[PDB]
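Novice: Below is the structure I would like to discuss, written out as structure tokens.
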Number of protein chains: 2
Amino acid sequence: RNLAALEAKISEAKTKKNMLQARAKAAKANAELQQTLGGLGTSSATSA
Amino acid sequence: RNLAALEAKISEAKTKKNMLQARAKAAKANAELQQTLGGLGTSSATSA
């Protein structure tokens, strides 16, 4: 029974962290996309 | 939507500057023509 319970802990603990890490990485990737769209620098040509 | 908007900015920003630059270059070219017509130097023969 300890092994059966231990297996459940390992499986859920492993998978939940991975997906959390994946989505967290996805989150920053989306945020970077929004930041870059605002960070477009072609407006600097006004000096020219 | 950010990409679609960003594309519009790039296209208009690029083309408007180019035409502005072209006409600006054209403007000075026309002005030079008028200046040169007044700057004709054949009148210096009066000394001869």
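Novice: Please indicate, with yes or no, whether at least one residue in the stretch B:3-12 is of a type in the set (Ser, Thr, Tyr), assigned to a helix (DSSP H, G or I) and within 11 Å of chain A (Cβ to nearest Cβ). Break it down stepwise before answering.
Specialist: Applying the first criterion (of a type in the set (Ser, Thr, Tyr)) to the stretch B:3-12 yields B:11.
Still in the running and assigned to a helix (DSSP H, G or I): B:11.
Subset that is within 11 Å of chain A (Cβ to nearest Cβ): B:11.
Yes, the stretch B:3-12 contains a residue that is of a type in the set (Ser, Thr, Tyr), assigned to a helix (DSSP H, G or I) and within 11 Å of chain A (Cβ to nearest Cβ).
Novice: Kindly provide the set of residues from chain A that are more than 25 Å from the chain's Cα centre (by Cα) and polar (S, T, N, Q), ordered by number.
Specialist: A:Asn2, A:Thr42, A:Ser43, A:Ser44, A:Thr46, A:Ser47
Laboratory data are not the source of any read-out in this text; all were calculated from the coordinates shown. We place every Cβ from the backbone using ideal geometry, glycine too, and count neighbours over all the protein chains shown.
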